[PDB]
Amino acid sequence: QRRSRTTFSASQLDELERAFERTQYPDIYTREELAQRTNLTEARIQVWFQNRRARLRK
Amino acid sequence: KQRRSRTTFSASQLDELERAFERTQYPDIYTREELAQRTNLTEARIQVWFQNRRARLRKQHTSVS
DNA sequence: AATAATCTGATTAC
DNA sequence: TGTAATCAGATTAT
């Protein structure tokens, strides 16, 4: 059993897309700042970027 | 580029983690979350620990074979 | 130099 | 769906 899929809101997604434009590989401080800003865990942020790098590469 | 500092597990947390690994190498979300409570580690660190644990297991086996 | 953290590439599951 | 979650495998780097 997997954790239940997070459903990112559009305001959350906008914050993450803007950060992605600054860097596709944010460091720990940047990922934690974002998590705090979006009420998400650094882990979900890390996974969003991982998947967002995938799609872009694909 | 800064990464998260290495987390250091206590002998107590390490014992709890390995005994869980012995019961199960692919702990579901509930298990990992339970483990997190017991040990006081975040579940994110637990998932990473199991990942690295399964990899130590695989490397040892290939090595000795 | 052992292993926590990060990445990609495939894949699952919803 | 498209995409969030997971995994193995490889690697970085404390």
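In what follows, every chain begins at residue 1, and chains take the letters A, B, ... in the order their sequences are listed.
Contact check, B/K1 against D/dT14: no side-chain N or O comes under 4.0 Å of OP1 or OP2. Under 4.0 angstrom from either OP1 or OP2 of C/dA5 there lies no side-chain N or O belonging to B/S5. A sub-4.0 Å separation between OP1 or OP2 of D/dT12 and a side-chain N or O of A/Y25 is absent.
For A/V47, whose side chain is taken as the heavy atoms from C-beta onward, the closest listed nucleotide among C/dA4, D/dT6, D/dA8 is D/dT6. For B/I29, taking side-chain heavy atoms from C-beta onward, the closest of the listed nucleotides D/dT6, D/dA4, C/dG9 is D/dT6.
Checked by distance alone, A/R5 brings a side-chain donor or acceptor within 3.5 Å of a matching partner on the base of D/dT3. Judged by atom type and distance alone, A/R53 does not reach the base of C/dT8 through any side-chain donor-acceptor pair under 3.5 Å. Contact of B/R3 with D/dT14 (side chain to base): no donor-acceptor pair of N or O atoms is detected under 3.5 Å.
Residues passing the side chain to side chain donor-acceptor pair (under 3.5 Å) test with A/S11, sequence neighbours excluded: A/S9. Annotation: salt bridge (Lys or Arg N to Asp or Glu O under 4.0 Å) contacts of B/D15 (sequence neighbours excluded): B/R19.
Atom CD in B/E18 sits roughly 11 Å away from atom P in C/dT3 (whole-Å rounding). One interatomic measurement links the two molecules: CG of B/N52 to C1' of D/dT6, which rounds to 15 Å at whole-angstrom precision.
In this structure, CG on A/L13 lies 9.5 Å from OG1 on A/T38, to the nearest 0.5 angstrom.
Remark on the helix from C/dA2-D/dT14 to C/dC14-D/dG2: inter-end axis angle 20°, axes from five-pair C1' superpositions, rounded to 10°.
The residue A/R2 sits close to a base: some heavy atom pair falls under 4.0 Å.
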